[PDB]
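Given next are the chains, with one letter for each unit.
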Amino acid sequence: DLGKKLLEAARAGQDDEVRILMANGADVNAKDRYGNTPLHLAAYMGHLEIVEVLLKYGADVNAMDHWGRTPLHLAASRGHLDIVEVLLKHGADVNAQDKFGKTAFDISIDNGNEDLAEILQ
Amino acid sequence: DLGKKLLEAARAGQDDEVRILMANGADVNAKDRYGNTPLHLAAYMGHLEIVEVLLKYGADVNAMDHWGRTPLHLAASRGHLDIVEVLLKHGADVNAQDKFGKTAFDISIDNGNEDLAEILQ
Amino acid sequence: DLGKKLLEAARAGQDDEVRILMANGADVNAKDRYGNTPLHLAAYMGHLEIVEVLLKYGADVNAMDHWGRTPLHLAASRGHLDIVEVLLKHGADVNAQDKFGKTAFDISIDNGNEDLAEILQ
Amino acid sequence: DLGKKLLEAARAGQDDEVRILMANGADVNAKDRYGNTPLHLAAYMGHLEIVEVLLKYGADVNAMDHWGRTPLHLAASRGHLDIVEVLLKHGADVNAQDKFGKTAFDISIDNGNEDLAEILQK
Amino acid sequence: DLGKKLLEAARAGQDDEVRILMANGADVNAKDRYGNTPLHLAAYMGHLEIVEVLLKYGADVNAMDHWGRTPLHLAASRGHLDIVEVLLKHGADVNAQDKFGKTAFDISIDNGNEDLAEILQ
Amino acid sequence: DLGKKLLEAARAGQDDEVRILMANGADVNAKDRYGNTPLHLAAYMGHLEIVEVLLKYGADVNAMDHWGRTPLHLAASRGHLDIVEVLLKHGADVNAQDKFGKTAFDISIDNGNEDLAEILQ
Amino acid sequence: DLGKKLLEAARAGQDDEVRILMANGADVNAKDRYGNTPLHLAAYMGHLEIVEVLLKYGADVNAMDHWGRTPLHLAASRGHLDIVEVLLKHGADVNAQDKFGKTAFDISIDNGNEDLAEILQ
Amino acid sequence: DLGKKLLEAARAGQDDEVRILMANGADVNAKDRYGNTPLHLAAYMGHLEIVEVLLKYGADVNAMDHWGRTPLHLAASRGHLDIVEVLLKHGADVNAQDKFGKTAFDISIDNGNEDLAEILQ
């Protein structure tokens, strides 16, 4: 389906494909077996332009995977600062707690990311 | 609602708002979506005077969030020794184990806080 | 955040700024991204009066960085006998071993400080 | 209450208390609210002599808390090598995995305990 | 019960005994009380030859233990690069997330094996 | 791929190839098996013009290898002052500590480069 | 406390303390927080007579600390040739490699102890 | 087990015994408890003829021990130029970095073997 193509394209960093699938009517909040949306996959993999496209197409910025992690948690886990800032300015719930009780600030402190902790602070 | 306001004030360190809300009838044991009480948030954020006031107004020192963590677990996680002492002085269950089997001591060890470890042993 | 300003002041050797920050409620044991406390930074940079001042306001003389190094380990690495003597007088554990199994004496030898070694033994 | 008192004595390392409570009909396999047995707490706290006497009293060396941890898991987590050796000599299961899938060897690797890792893979 | 004997031989690294039980008709996907198959145990224990033989006998490369972990997850945890490559060449699902939301890549970074993480891309 | 070619060209000091690959779309932040970026190898090898081209193409000056080392650390290890100055003026994290807790200053003191120690100090 | 008191005695070279502690049921292989046994501490501190009596008491000559170092590694690190010879007679494993991949010969070389390298052959 | 005897023969420098064990079917890539292969041990101990023999028998020139060191790293550590030249001629990965981020080049500079370094560059 276009949903599976979009998730694969978002994980792979295929900017053109994502744009084509979005223009062709793919579900922006399509979920894989683990509850990842394309925005989860692009935020984790560090694909900034894809994050922006998915956000323009109405992507849920606070979508949650099977462990209660939002794209913010995923991007913070991988130290993707620009993506973290885009998500924050678009209404990311900074105080969202995952199924382990952790927030993106907790993940930041855990990974010793000063710049990330500051922004999330 | 005053509970929502109290939690926000406890988290932000608004000592005077906390006292005003308490005087206006706010539930000292109000809970957020994750089972966080004002004492949980103040202890995590490092707000000692709010911790004292909340305890004076009947805060449950052994209130548990969704992951079985009490304010002592959270204060130990962030390394707030002063709040740990106050909570231990107010009946904090030093042997409470969270939903992942950890005590405040284990949590302290896990995060470098070795002086908190000693005080907890 | 006064902890971040405190760490900066202790590193830079701003004696009067450290007192102002601590009079305003700065955490004497605040930790940077690498687990350095103001005492670790002052000891490493050779700031004697800041070391003495920090210890007076409740600094953990045996606090540990991400590599298990205490301020004695850092003072020894840089050859600051004065600060080593102060920390020992304040309860420094000369037998503390870091994540590489090293003591301040081992470090002193490795760096060729025959005199600091003599002192530590 | 004898179980609770024994659990407390095992945590505190109180040989004399353990002795009297055992003579009065206490259960060596008494469980607290988290499935901890006296052997669990003694092992966790580093009370070797208590660990030894509890095993002589008939303590289940492979009892599990609410997270599937046995005393070997707790002793390894706290770096108590002497206790681990005693538990192994008394039939501890080195391949038991807790509710997080970890064995005592896994816990020893996580905490950098090279000495205990060697003993657990022997 | 050949299944239990197969699991024990694979964990013990007894190559010739694994071949004998496979000739006796043992289930290559036999599972212990934790959902471990012979391949999980051989992969965790670093037994390359047993890994290969079990794969030749039709082992499920993406079999999952009670925590959603595949033999790749276990080999990643123990830093067994050689077993990782064989598993990958036999169709191991690199994106598989366990019951803690972790991929073999996540495990590798958590355990500091950044070299294996780089392989997992 | 172009990334592999860029890393090899950067290490070999092949100014022309680097310029050709950057124009042909090569990732300036391409990573090797050890987390080395083209800038890491150029900084280590003393290839200043490659450092400049890479920085102009957007090279992350604070990229980290599998040991937490930045191009600054490597330039300091091999005593390349010119590259150290360029990196510093382009925003190199001077107080970044590697997975051994060492800063570029520490590496300088260890190798005895007083000149480099003075610039970093 | 007997083990802690034995470890302290071995570090300080107190023959009288060792004798009474051993006579009172002390474990000759008691371990401190870093996995040092009394033999490790006496070998590191240069107390030959304590090393000799601990071996007579049944000290495990190949005991490992938290970093995989045996007493032979510590005696070699400190350049204690008499203690090295005594450990060698009592079965020290000259090919033991610690957490950093080093043997007692490697250390001796790194430290210029030419005499000891020869004894290690 | 022929592997253990091969490892012992290669470390003791027993050329004829190595030839006998190789004729008996010994695994040329057998490994000790530390990931050492017979080539690692021969290269470390300076046995050029064993190195030649094992290479003729299919020894992996780039085998890695538990610290990511190749026979080249070990030979560079011990200043064995002849073995270095043979390893290079058999395809030794000169740019291979160990678990400490070091190349045979780094090791040479670290040990002062400039001649060796000059070749490795």
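Parameters and conventions
Residues numbered from 1 in each chain as written, not as in the entry; some residues may be left out. Chains lettered and ligands numbered in written order. Heavy atoms only, no water. Helix = DSSP H or I, 4+ residues; strand = E, 2+ residues; numbered from the N terminus. Rg over C-alpha atoms; globule rule 2.2 N^0.38 Å. Buried < 20%, exposed > 50% of the residue type's maximum accessible area, 1.4 Å probe, protein only. Contact = heavy atoms within 4.5 Å. Areas by Shrake-Rupley, 256 points an atom, 1.4 Å probe, with all protein chains shown as cover. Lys, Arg positive; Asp, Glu negative; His and termini not counted. Charge placed at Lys NZ, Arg CZ, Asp CG, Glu CD. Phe/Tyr/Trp six-rings, centres within 6.5 Å; stacked < 30°, edge-to-face > 60°. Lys NZ or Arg CZ within 6 Å of the ring centre and 35° of its normal. Salt bridge = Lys/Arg side-chain N within 4 Å of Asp/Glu carboxyl O. Axes fitted to C-alpha atoms, helices over the stretch in contact; angles between N-to-C directions. Parallel < 35°, antiparallel > 145°, perpendicular 65-115°, else oblique. Left-handed = near helix turned anticlockwise from the far one by under 90°. Nonpolar A, V, L, I, M, F, W, Y, C, P; charged D, E, K, R; others polar.

Student: Break down the overall build of chain A for me, citing the residues and quoting the values.
Tutor: Along chain A, the regular secondary structure elements total eight helices and zero strands. In sequence order, the secondary structure elements of chain A are arranged as α-α-α-α-α-α-α-α. In terms of C-alpha radius of gyration, chain A reaches 14 Å, essentially the compact-globule figure of 14 Å for 121 residues. Counting only residues that meet the buried cut, chain A has 49% of its 121 residues in that class. Of the contacts formed within chain A by residues at least 6 apart in sequence, a portion of 63% connects residues at least 24 apart. Within the structure as shown, chain A displays about 5400 Å² of accessible surface, and the carbon and sulfur contribution to it stands at 46%. Of note, chain A has its 12 positive side-chain charges centred 7 Å away from the centre of its 20 negative side-chain charges.

Student: Mind laying out the packing of aromatic side chains, listing which residues take part and the relevant values?
Tutor: Applying the stated criterion to the full structure yields eleven aromatic pairs over all chains. Plain terms: the ring middles of C:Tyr34 and C:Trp67 are 5.8 Å apart, the flat faces sit at 45° to each other, and that makes the pair tilted. Of this pair, C:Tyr34 sits in the loop between α2 (15-23) and α3 (38-45) while C:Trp67 sits in the loop between α4 (48-56) and α5 (71-78); the two residues are 33 residues apart in sequence, bridging distant segments of the chain. Exposure remark for C:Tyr34: the relative accessible area of 10% places this residue in the buried category. With a centroid separation of 6.0 Å and an interplanar angle of 40°, the aromatic rings of D:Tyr34 and D:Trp67 are classed as tilted. Placement of the pair is D:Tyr34 in the loop between α2 (15-23) and α3 (38-45) and D:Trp67 in the loop between α4 (48-56) and α5 (71-77), with a sequence separation of 33 residues. Across the ring face of E:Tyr44, the terminal group of E:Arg78 is positioned such that the distance to the ring centre comes to 5.9 Å.

Student: Tell me about the pattern of salt bridges, residues and numbers included.
Tutor: Counted according to the given criterion, the structure contains 43 salt bridges over all chains. Across the salt bridge formed by A:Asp1 and A:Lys4, the nearest N and O atoms sit 3.2 Å from each other. Salt-bridge contacts for D:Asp93 lead to E:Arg33; the nearest nitrogen and oxygen are separated by 2.7 Å. Separated into two different chains, D:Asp93 in the loop between α6 (81-89) and α7 (104-110) and E:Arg33 in the loop between α2 (15-24) and α3 (38-45) make up a pair that spans both.

Student: Could you give an account of the packing of helix α1 (residues 2-12) of chain D against α2(D), naming the residues involved and the relevant values?
Tutor: Residues and elements named next belong to chain D. Where α1 meets α2, the axes come as close as 9 Å, and the angle between the chain directions of the two elements is 155°. When the interaxial angle is binned, α1 and α2 end up roughly antiparallel. The two elements α1 and α2 cross, and the hand of that crossing is left-handed. Across from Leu2, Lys5, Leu6, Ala9 and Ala10 in α1, the residues of α2 making contact are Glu17, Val18, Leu21 and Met22. Its residues assigned to classes, the contact of α1 with α2 shows seven nonpolar, no polar and two charged.

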